[PDB]
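With TSV, C-alpha atoms and all ligand atoms inside, this is query.tsv:
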chain	number	residue	atom	x	y	z
A	1	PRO	CA	0.00	0.00	0.00
A	2	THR	CA	1.27	3.36	-1.19
A	3	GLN	CA	3.98	5.12	0.78
A	4	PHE	CA	5.08	8.68	0.09
A	5	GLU	CA	8.39	10.50	0.49
A	6	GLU	CA	7.57	14.15	1.41
A	7	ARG	CA	10.67	15.13	-0.55
A	8	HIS	CA	9.36	14.00	-3.97
A	9	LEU	CA	5.91	15.52	-3.56
A	10	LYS	CA	6.07	18.46	-5.91
A	11	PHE	CA	3.47	21.29	-5.65
A	12	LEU	CA	1.82	22.07	-9.04
A	13	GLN	CA	-1.19	24.27	-8.27
A	14	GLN	CA	-3.56	25.30	-5.53
A	15	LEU	CA	-6.97	23.55	-5.64
A	16	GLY	CA	-8.83	25.04	-2.63
A	17	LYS	CA	-7.91	27.04	0.43
A	18	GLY	CA	-9.72	27.53	3.69
A	19	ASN	CA	-9.80	28.82	7.25
A	20	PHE	CA	-7.67	25.89	8.50
A	21	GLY	CA	-6.37	23.97	5.52
A	22	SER	CA	-5.97	23.45	1.79
A	23	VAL	CA	-6.08	21.02	-1.09
A	24	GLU	CA	-3.24	21.06	-3.64
A	25	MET	CA	-2.56	19.31	-6.91
A	26	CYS	CA	0.87	17.72	-6.54
A	27	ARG	CA	3.00	15.36	-8.66
A	28	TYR	CA	4.65	12.47	-6.79
A	29	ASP	CA	7.95	12.23	-8.68
A	30	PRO	CA	10.59	9.81	-7.18
A	31	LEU	CA	12.38	9.36	-10.54
A	32	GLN	CA	12.79	13.15	-10.64
A	33	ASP	CA	11.96	13.20	-14.38
A	34	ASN	CA	8.34	14.57	-14.16
A	35	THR	CA	6.73	11.25	-15.14
A	36	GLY	CA	5.24	10.77	-11.66
A	37	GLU	CA	1.49	10.57	-11.21
A	38	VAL	CA	-0.65	13.67	-10.32
A	39	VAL	CA	-2.46	13.49	-6.95
A	40	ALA	CA	-4.53	15.70	-4.72
A	41	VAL	CA	-3.10	16.56	-1.30
A	42	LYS	CA	-5.02	17.76	1.74
A	43	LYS	CA	-3.14	19.56	4.52
A	44	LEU	CA	-3.86	21.64	7.62
A	45	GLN	CA	-2.80	25.30	7.68
A	46	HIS	CA	-2.90	26.84	11.17
A	47	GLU	CA	-8.50	19.21	18.17
A	48	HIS	CA	-8.24	19.77	14.41
A	49	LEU	CA	-5.40	17.27	14.24
A	50	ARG	CA	-7.49	14.62	16.02
A	51	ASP	CA	-10.30	15.36	13.55
A	52	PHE	CA	-7.93	15.19	10.60
A	53	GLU	CA	-6.57	11.80	11.66
A	54	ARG	CA	-10.20	10.47	11.94
A	55	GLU	CA	-10.94	11.83	8.45
A	56	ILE	CA	-8.00	9.93	6.99
A	57	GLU	CA	-9.27	6.65	8.49
A	58	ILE	CA	-12.82	7.35	7.30
A	59	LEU	CA	-11.67	7.99	3.71
A	60	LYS	CA	-9.42	4.89	3.84
A	61	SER	CA	-12.26	2.66	5.02
A	62	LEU	CA	-14.35	3.86	2.03
A	63	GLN	CA	-13.98	1.97	-1.30
A	64	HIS	CA	-16.74	2.80	-3.79
A	65	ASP	CA	-17.19	3.89	-7.44
A	66	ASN	CA	-18.71	7.18	-6.34
A	67	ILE	CA	-16.24	8.00	-3.58
A	68	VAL	CA	-12.82	9.63	-4.22
A	69	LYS	CA	-9.96	7.11	-3.74
A	70	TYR	CA	-7.67	7.19	-0.70
A	71	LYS	CA	-4.06	6.85	-1.79
A	72	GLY	CA	-2.11	7.12	1.50
A	73	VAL	CA	-0.43	9.67	3.78
A	74	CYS	CA	2.69	11.73	3.83
A	75	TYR	CA	4.45	12.95	6.97
A	76	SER	CA	7.44	14.81	8.26
A	77	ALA	CA	9.31	13.92	11.41
A	78	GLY	CA	7.54	12.87	13.51
A	79	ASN	CA	2.84	18.16	8.88
A	80	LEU	CA	0.39	15.41	7.97
A	81	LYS	CA	-0.77	15.19	4.35
A	82	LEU	CA	-3.70	13.18	3.11
A	83	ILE	CA	-3.14	11.89	-0.47
A	84	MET	CA	-6.08	11.17	-2.80
A	85	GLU	CA	-6.54	10.61	-6.51
A	86	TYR	CA	-6.60	13.77	-8.59
A	87	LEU	CA	-9.72	14.09	-10.73
A	88	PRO	CA	-8.79	16.59	-13.53
A	89	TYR	CA	-12.37	17.55	-14.45
A	90	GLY	CA	-12.82	19.17	-11.04
A	91	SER	CA	-15.88	19.90	-8.97
A	92	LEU	CA	-19.36	19.32	-10.27
A	93	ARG	CA	-20.17	22.91	-9.17
A	94	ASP	CA	-17.76	24.38	-11.75
A	95	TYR	CA	-18.25	21.66	-14.39
A	96	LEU	CA	-22.09	22.17	-14.39
A	97	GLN	CA	-21.72	25.97	-14.57
A	98	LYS	CA	-19.33	25.46	-17.49
A	99	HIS	CA	-21.17	22.89	-19.65
A	100	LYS	CA	-24.87	23.74	-18.94
A	101	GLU	CA	-25.66	23.67	-22.69
A	102	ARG	CA	-24.50	20.05	-23.04
A	103	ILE	CA	-25.98	18.67	-19.77
A	104	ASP	CA	-29.64	17.78	-19.93
A	105	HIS	CA	-31.87	16.46	-17.14
A	106	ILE	CA	-30.97	12.84	-17.96
A	107	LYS	CA	-27.37	13.68	-17.05
A	108	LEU	CA	-28.51	15.62	-13.98
A	109	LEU	CA	-30.32	12.56	-12.62
A	110	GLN	CA	-27.45	10.26	-13.32
A	111	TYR	CA	-25.28	12.41	-11.04
A	112	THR	CA	-28.09	12.60	-8.52
A	113	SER	CA	-28.38	8.78	-8.37
A	114	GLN	CA	-24.59	8.31	-8.13
A	115	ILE	CA	-24.61	10.76	-5.23
A	116	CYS	CA	-27.41	8.77	-3.44
A	117	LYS	CA	-25.57	5.45	-3.93
A	118	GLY	CA	-22.45	6.98	-2.40
A	119	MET	CA	-24.51	8.29	0.53
A	120	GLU	CA	-26.39	5.00	0.87
A	121	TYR	CA	-22.94	3.41	1.24
A	122	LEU	CA	-21.78	5.93	3.82
A	123	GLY	CA	-24.86	5.01	5.81
A	124	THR	CA	-23.93	1.33	5.87
A	125	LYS	CA	-20.94	2.45	7.97
A	126	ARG	CA	-22.99	4.91	10.12
A	127	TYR	CA	-21.00	7.76	8.61
A	128	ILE	CA	-22.72	11.20	8.53
A	129	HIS	CA	-21.31	13.48	5.82
A	130	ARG	CA	-22.39	16.91	7.19
A	131	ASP	CA	-21.30	18.94	4.09
A	132	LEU	CA	-23.35	17.63	1.15
A	133	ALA	CA	-23.06	20.30	-1.61
A	134	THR	CA	-22.04	20.42	-5.32
A	135	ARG	CA	-18.80	22.10	-4.06
A	136	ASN	CA	-17.62	18.76	-2.70
A	137	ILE	CA	-18.61	16.55	-5.60
A	138	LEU	CA	-16.06	15.65	-8.24
A	139	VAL	CA	-16.51	14.69	-11.90
A	140	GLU	CA	-14.54	11.56	-12.92
A	141	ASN	CA	-15.90	11.69	-16.44
A	142	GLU	CA	-19.01	13.09	-18.17
A	143	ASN	CA	-20.98	10.07	-16.89
A	144	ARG	CA	-19.57	9.69	-13.36
A	145	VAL	CA	-19.19	11.70	-10.19
A	146	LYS	CA	-17.60	10.98	-6.79
A	147	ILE	CA	-18.15	12.62	-3.38
A	148	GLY	CA	-14.76	14.34	-2.96
A	149	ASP	CA	-14.49	15.58	0.65
A	150	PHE	CA	-15.20	14.19	4.07
A	151	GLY	CA	-13.84	17.08	6.15
A	152	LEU	CA	-16.90	17.17	8.40
A	153	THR	CA	-17.88	13.54	8.30
A	154	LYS	CA	-18.62	11.93	11.68
A	155	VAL	CA	-19.26	8.36	12.87
A	156	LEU	CA	-22.62	8.08	14.62
A	157	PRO	CA	-22.49	6.72	18.16
A	158	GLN	CA	-23.34	3.03	18.41
A	159	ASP	CA	-26.48	3.62	20.54
A	160	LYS	CA	-27.68	6.88	18.86
A	161	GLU	CA	-28.88	8.12	15.47
A	162	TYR	CA	-27.52	11.67	15.66
A	163	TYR	CA	-24.14	13.38	16.30
A	164	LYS	CA	-24.21	16.73	18.13
A	165	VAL	CA	-21.46	19.22	17.23
A	166	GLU	CA	-18.30	29.03	9.54
A	167	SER	CA	-21.08	26.52	8.69
A	168	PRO	CA	-22.93	26.36	5.36
A	169	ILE	CA	-26.20	27.30	7.05
A	170	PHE	CA	-28.22	27.50	3.80
A	171	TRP	CA	-27.55	23.77	3.24
A	172	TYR	CA	-28.43	22.77	6.86
A	173	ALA	CA	-31.47	21.04	8.28
A	174	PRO	CA	-33.31	23.15	10.90
A	175	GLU	CA	-32.50	20.71	13.72
A	176	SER	CA	-28.83	21.18	12.69
A	177	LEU	CA	-29.19	24.96	12.95
A	178	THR	CA	-31.10	24.89	16.25
A	179	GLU	CA	-29.81	21.86	18.09
A	180	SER	CA	-26.51	21.26	16.21
A	181	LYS	CA	-27.88	17.74	15.54
A	182	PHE	CA	-26.58	15.78	12.58
A	183	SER	CA	-27.97	12.59	11.17
A	184	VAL	CA	-28.73	10.51	8.03
A	185	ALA	CA	-31.83	12.65	7.95
A	186	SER	CA	-29.87	15.94	7.95
A	187	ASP	CA	-27.72	14.51	5.15
A	188	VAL	CA	-31.00	13.98	3.27
A	189	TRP	CA	-32.13	17.59	3.79
A	190	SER	CA	-28.77	18.72	2.39
A	191	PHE	CA	-29.16	16.29	-0.49
A	192	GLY	CA	-32.38	18.10	-1.33
A	193	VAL	CA	-30.37	21.35	-1.61
A	194	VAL	CA	-27.87	19.50	-3.87
A	195	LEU	CA	-30.85	18.55	-6.04
A	196	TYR	CA	-31.92	22.18	-6.02
A	197	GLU	CA	-28.33	23.35	-7.06
A	198	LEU	CA	-28.19	20.80	-9.92
A	199	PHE	CA	-31.50	21.85	-11.42
A	200	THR	CA	-30.65	25.58	-11.19
A	201	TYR	CA	-27.42	24.74	-13.06
A	202	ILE	CA	-25.63	26.85	-10.42
A	203	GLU	CA	-27.13	30.13	-11.72
A	204	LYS	CA	-25.53	32.54	-9.23
A	205	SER	CA	-28.74	34.50	-8.92
A	206	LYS	CA	-30.54	31.25	-7.94
A	207	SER	CA	-28.20	29.82	-5.31
A	208	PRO	CA	-29.52	28.79	-1.87
A	209	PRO	CA	-27.86	31.87	-0.13
A	210	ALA	CA	-29.30	34.29	-2.72
A	211	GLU	CA	-32.90	32.92	-2.63
A	212	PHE	CA	-33.01	32.44	1.16
A	213	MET	CA	-31.59	35.96	1.79
A	214	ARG	CA	-34.21	37.25	-0.68
A	215	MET	CA	-37.06	35.53	1.21
A	216	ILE	CA	-35.72	36.77	4.52
A	217	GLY	CA	-36.38	40.34	3.24
A	218	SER	CA	-28.89	37.62	12.94
A	219	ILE	CA	-29.17	35.94	9.54
A	220	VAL	CA	-29.09	32.50	11.14
A	221	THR	CA	-32.12	33.29	13.29
A	222	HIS	CA	-34.05	34.73	10.33
A	223	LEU	CA	-33.33	31.43	8.53
A	224	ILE	CA	-34.61	29.31	11.43
A	225	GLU	CA	-37.83	31.38	11.56
A	226	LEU	CA	-38.28	31.12	7.78
A	227	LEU	CA	-37.74	27.32	7.75
A	228	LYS	CA	-40.20	26.93	10.64
A	229	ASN	CA	-42.97	28.84	8.79
A	230	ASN	CA	-42.48	26.40	5.85
A	231	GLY	CA	-40.56	28.84	3.67
A	232	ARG	CA	-38.62	26.90	1.06
A	233	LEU	CA	-36.46	27.33	-1.98
A	234	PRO	CA	-38.78	27.71	-5.01
A	235	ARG	CA	-39.02	25.14	-7.87
A	236	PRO	CA	-36.23	25.78	-10.37
A	237	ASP	CA	-37.29	27.25	-13.76
A	238	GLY	CA	-38.01	24.12	-15.88
A	239	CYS	CA	-37.76	21.61	-13.10
A	240	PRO	CA	-40.19	18.71	-13.35
A	241	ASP	CA	-42.78	18.47	-10.58
A	242	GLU	CA	-41.58	15.00	-9.54
A	243	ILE	CA	-38.00	16.30	-8.98
A	244	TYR	CA	-39.27	19.28	-7.01
A	245	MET	CA	-41.49	16.99	-4.91
A	246	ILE	CA	-38.40	14.92	-3.98
A	247	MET	CA	-36.80	18.22	-2.89
A	248	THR	CA	-39.81	19.26	-0.72
A	249	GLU	CA	-39.96	15.77	0.94
A	250	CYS	CA	-36.21	16.13	1.73
A	251	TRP	CA	-36.98	19.49	3.33
A	252	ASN	CA	-39.58	18.15	5.65
A	253	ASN	CA	-39.25	19.75	9.09
A	254	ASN	CA	-39.88	16.37	10.68
A	255	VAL	CA	-36.78	14.19	10.51
A	256	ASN	CA	-38.94	11.02	10.57
A	257	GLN	CA	-40.89	11.94	7.41
A	258	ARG	CA	-37.79	12.48	5.27
A	259	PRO	CA	-37.11	9.73	2.68
A	260	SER	CA	-34.33	7.24	2.79
A	261	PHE	CA	-31.42	7.32	0.34
A	262	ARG	CA	-32.28	3.86	-0.92
A	263	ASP	CA	-35.74	5.28	-1.76
A	264	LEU	CA	-34.26	8.39	-3.30
A	265	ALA	CA	-31.96	6.44	-5.68
A	266	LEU	CA	-34.87	4.35	-6.63
A	267	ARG	CA	-37.36	7.12	-7.42
A	268	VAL	CA	-34.61	9.10	-9.18
A	269	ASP	CA	-33.65	6.10	-11.33
A	270	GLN	CA	-37.34	5.65	-12.28
A	271	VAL	CA	-37.80	9.31	-13.19
A	272	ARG	CA	-34.63	9.24	-15.33
A	273	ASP	CA	-35.81	6.01	-17.08
A	274	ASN	CA	-39.22	7.64	-17.84
A	275	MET	CA	-37.50	10.63	-19.65
A	276	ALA	CA	-35.35	8.40	-21.81
A	277	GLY	CA	-37.04	9.05	-25.19
A	301	LIG	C1	-13.81	19.35	-5.35
A	301	LIG	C2	-12.77	18.71	-4.45
A	301	LIG	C3	-13.29	18.60	-3.02
A	301	LIG	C4	-13.28	19.95	-2.30
A	301	LIG	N1	-11.98	20.61	-2.41
A	301	LIG	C5	-11.86	21.78	-1.70
A	301	LIG	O1	-11.60	22.86	-2.21
A	301	LIG	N2	-12.08	21.64	-0.36
A	301	LIG	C6	-11.91	20.43	0.45
A	301	LIG	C7	-11.24	20.95	1.72
A	301	LIG	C8	-11.61	22.43	1.87
A	301	LIG	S1	-10.21	23.41	2.42
A	301	LIG	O2	-9.01	22.67	2.15
A	301	LIG	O3	-10.34	24.74	1.89
A	301	LIG	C9	-10.43	23.50	4.16
A	301	LIG	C10	-9.71	22.65	4.99
A	301	LIG	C11	-9.95	22.68	6.35
A	301	LIG	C12	-10.87	23.57	6.89
A	301	LIG	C13	-11.57	24.43	6.05
A	301	LIG	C14	-11.36	24.39	4.68
A	301	LIG	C15	-12.09	22.85	0.46
A	301	LIG	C16	-11.60	20.78	-3.82
A	301	LIG	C17	-11.41	19.42	-4.48
A	301	LIG	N3	-10.88	19.46	-5.86
A	301	LIG	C18	-11.15	20.65	-6.67
A	301	LIG	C19	-10.18	18.42	-6.42
A	301	LIG	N4	-9.84	18.54	-7.71
A	301	LIG	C20	-9.37	17.42	-8.24
A	301	LIG	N5	-9.20	16.22	-7.67
A	301	LIG	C21	-9.51	16.17	-6.37
A	301	LIG	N6	-9.33	15.11	-5.52
A	301	LIG	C22	-9.71	15.49	-4.26
A	301	LIG	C23	-10.12	16.79	-4.26
A	301	LIG	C24	-10.00	17.24	-5.62
Represent the structure of the file as structure tokens.
Amino acid sequence: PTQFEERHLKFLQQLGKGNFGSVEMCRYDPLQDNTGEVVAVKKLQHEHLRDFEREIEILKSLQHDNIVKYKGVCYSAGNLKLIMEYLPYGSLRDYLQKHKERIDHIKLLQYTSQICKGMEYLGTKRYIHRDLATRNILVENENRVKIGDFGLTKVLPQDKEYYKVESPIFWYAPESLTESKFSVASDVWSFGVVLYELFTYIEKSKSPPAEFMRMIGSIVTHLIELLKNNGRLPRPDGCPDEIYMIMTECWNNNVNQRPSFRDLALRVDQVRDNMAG
């Protein structure tokens, strides 16, 4: 299993930077002749470290067609780097925004289903993702996506069905906003927002922050109040009613009335099969 000399990990370009960390595109190049393979490298910037070492083990334990591949780690005596496969097509968020004129609903629902299957899988390990958004989805090719970040992922406790813990508040279930509770259910609410993002094709004027801030008129509080009076993101221009209905069932205030991911992949596969024509 793959073992990495820090010394031969050559920085090529910056892929994402945050509050406490970053993702780089590096080439691992032991033969020093630039024929090494390109990888993605996650590092911390300024217990985070405990959380980072859990993340590594989570990603490692995942092996799935729609989850980004763990490659190994890279350390200094005694500046931890998590190594993953590099997917050159980049995030679905940017890829959708780019090729909207070549990506019909059939494609949209393919990605949607591959996202559910990945999430279904996470659930089999009681993993809660916590950050479901097009931002964190990668495109392997035109017909395949992978969930590409597990920064916030948690393992549920063995006797419980929720984990209590800047947050992307416009993607969050209300119980996440008010009780900091995270669950399969809250992953489902967020999935609904992913479905919303996909069918707006990332039109900046139609993003969850823009529409929610519009409907609002502490931002967080305003959001809680809005969600509680059944305010919701509108149906995207051109969205079929069955896709919007899946969204509104994901955004049910009651955790227990939200659909399962196995059910979501199913309905979504049947709606995609009914458009094939
Ligand atoms: C879309 C991907 C997931 C998201 N990622 C990103 O920008 N983030 C993940 C971590 C955070 S962070 O590092 O900014 C951060 C760290 C700590 C606290 C807070 C923030 C942002 C970009 C990735 N990307 C473009 C890639 N492109 C090609 N192949 C890839 N393989 C693996 C990733 C990847």
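Comparing A:3, A:79, A:136, A:14 by their smallest distance to ligand LIG 301 (chain A), the closest is A:136 (using all atoms listed in the file).
Put simply, CA of residue 89 in chain A is 24.7 Å away from CA of residue 33 in chain A.
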Enclosing box along x, y and z for every listed atom of range 71-87 of chain A, padded 5 Å each side, centre and size in Å, one decimal, as JSON:
{"center_x": -0.2, "center_y": 12.5, "center_z": 1.4, "size_x": 29.0, "size_y": 21.3, "size_z": 34.2}
* Name the residues, by chain letter and number, that sit within 6 Å of ligand LIG 301 (chain A) using only C-alpha atoms and all ligand atoms, and give them as a list in words. => residues 15, 16, 17, 18, 19, 20, 21, 22, 23, 40, 84, 85, 86, 87, 88, 90, 91, 135, 136, 137, 138, 148 and 149 of chain A
* **8 Å contact set for residue 113 in chain A, all atoms listed in the file, chain neighbours under 4 positions out, as a PyMOL selection string** => chain A and resi 109+117+264-265+268-269
* **For residue 102 in chain A, the nearest of the candidates A:191, A:160, A:68, A:201, counting only C-alpha atoms** =>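 The closest residue to residue 102 in chain A is A:201.
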* Expressed in Å to a single decimal, how great is the separation between CA of residue 127 in chain A and CA of residue 183 in chain A? -> 8.9 Å
Within 12 Å of range 229-250 of chain A: each range 62-120 of chain A residue with its shortest pair, only C-alpha atoms, as CSV:
residue,atom,partner,partner_atom,distance
A:104,CA,A:238,CA,11.3
A:105,CA,A:239,CA,8.8
A:106,CA,A:240,CA,11.9
A:108,CA,A:243,CA,10.7
A:109,CA,A:243,CA,9.3
A:112,CA,A:243,CA,10.6
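The nearest approach to residue 124 in chain A among the residues A:173, A:103, A:31, A:62, with only C-alpha atoms taken into account, belongs to A:62.
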